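Quick heads-up: it's one chain on its own, the form deposited without the partner chain, in C-alpha cells.
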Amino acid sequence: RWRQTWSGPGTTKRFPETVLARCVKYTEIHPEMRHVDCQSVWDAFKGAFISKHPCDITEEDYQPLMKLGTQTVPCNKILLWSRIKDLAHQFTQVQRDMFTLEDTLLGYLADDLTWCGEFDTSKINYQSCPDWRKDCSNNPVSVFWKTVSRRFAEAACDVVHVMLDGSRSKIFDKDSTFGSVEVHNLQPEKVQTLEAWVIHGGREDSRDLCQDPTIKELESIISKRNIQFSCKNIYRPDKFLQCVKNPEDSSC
C-alpha cells in the first residue's frame, strides 16, 4: 500500500518471537534472572500496547512488565550513553567493568526493536508506528524507553559514567533521553559524581571537548542537583578499547 497511517517504521518483523527468544537467551545466561518466566514477560509486554491507541500509551501500561523485569544492577557500575551506544556496548563486553541499560533484561529485550498496536483491534501494526516528532510522543516505543530509563537512572549510586558523542553538534543534548530523563532522575542522596567521557569522532589531535558549552551546561545542571561533575576526553576510541582489552600491554 502507498500511504501508511503513521510516519515511523512499523513493528519489527516477528516481534513476538524475537522478544520471547531474547528473553530465553537472557535468562539462560544471567543466573539472577534464571527463574523469570518468559511467557509471562511477553504477555506483560503485549499487554502494555496491544488494543491500545499507539498515541495514548502511559508509563502505567508498562508496569506489569516492569515488575516482571525487576532486576538488581550493581549501582556503582552504571554506564549511561547518549547517541553512542556501540562503543558503550563494546566497552562493557570486554570484562563487564560497567553495565548499560541494554545489559539489563528489559533493555536487552527491546534494543533495536520497534512495536505498536491499534486501538480496538488486538493486532500488532507491522506497517507503521507513530513517529515521536511527527505523530506523538506517547507511543509504545518512546514510553517504554522513558519508563525503563528513569528506573535505571534511579538505580545508580556512587560514580555514574556517561559516554557522550563528541562528534555531534550538541555533545550534551538536553532533548536526549540522557539529558531529559536520566540527568534528572539520578538520586543526589546516592550519586556522588557523574563522570562524562566525551568520545572524539575526529582523527587524532583535537580540542578539549570538556570545555564545550554543552558540557558546561551539563556540569551546571548536575552541580545544581548537588552531584559532582567530572569529564574526560577519549581522543581515540580505538586505542581506548585496545587498552581496556590489553591494559599496560601497550602504550596505554
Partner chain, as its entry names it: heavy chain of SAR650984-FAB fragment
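Rigid core (definition): largest C-alpha set, two forms, superposition within 1.5 Å. Numbering follows the first chain given and starts at 1.
Undergrad: Quick check: by Cα RMS after rigid core superposition, does 90-98 or 160-168 differ more from this form in 4 other deposited structures of this protein?
TA: Taking the RMS over all superposed structures in 4 other deposited structures of this protein, 90-98 lies farther out.
Undergrad: How do 204-212 and 190-198 compare in 4 other deposited structures of this protein: which one has C-alphas farther from this form after the rigid core is matched?
TA: Higher root mean square deviation of C-alphas in 4 other deposited structures of this protein is shown by 204-212.
Undergrad: I need to verify one thing: averaged over C-alpha atoms only, is the B-factor higher for 200-208 or for 42-50?
TA: Here the higher of the two C-alpha B-factor means belongs to 200-208.
Undergrad: By its CA B factor, does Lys239 count among the lowest, middle or highest third of the modelled residues in the chain?
TA: According to the entry, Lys239 has a C-alpha B-factor in the chain's middle third.
Undergrad: Lowest, middle or highest third: which one holds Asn125 when the chain's residues are ordered by CA B-factor from the entry?
TA: Its C-alpha B-factor, which the entry lists for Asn125, ranks in the middle third among residues of this chain.
Undergrad: When the modelled residues of the chain are sorted by Cα temperature factor, does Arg34 land in the lowest, middle or highest third?
TA: Its C-alpha B-factor belongs to the highest third of this chain's values.
Undergrad: Hey, what third does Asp173 fall into on Cα B-factor, ranked over its chain?
TA: Within its chain, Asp173 is a middle-third residue by C-alpha B-factor, going by the deposited values.
Undergrad: Ordered by C-alpha B-factor within the chain, which third holds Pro74? Give me lowest, middle or highest, please.
TA: For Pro74, whose C-alpha B-factor we compare with every modelled residue in the chain, the answer is the highest third.
We do not show the form deposited with the partner chain bound, though everything after this point is about it.
Undergrad: For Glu204, is any heavy atom within 4.5 Å of the partner chain in the deposited bound form, or not?
TA: Contact check for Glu204: no, nothing within 4.5 Å of the partner chain in the deposited bound form.
Undergrad: Does the 4.5 Å heavy atom contact test between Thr214 and the partner chain in the deposited bound form come out positive?
TA: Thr214: no contact with the partner chain in the deposited bound form.
Undergrad: Test of understanding: in the deposited bound form, would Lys170 fall inside 4.5 Å of the partner chain by heavy atoms?
TA: Residue-level check for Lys170: no, no contact with the partner chain.
Undergrad: Is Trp81 close to the partner chain in the deposited bound form, meaning a heavy atom pair under 4.5 Å apart or at it?
TA: No, no contact at 4.5 Å.
Undergrad: At 4.5 Å by heavy atoms, is each residue in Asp86, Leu113 and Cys129 next to the partner chain in the deposited bound form?
TA: No, the whole trio is out of contact, none within 4.5 Å by any heavy atom.
Undergrad: Since the partner is left out here, which residues of 60-99 would have a heavy atom within 4.5 Å of the partner chain in the deposited bound form?
TA: Sequence-ordered list: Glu60, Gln63, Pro64, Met66, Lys67, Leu68, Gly69, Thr70, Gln71, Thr72, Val73.
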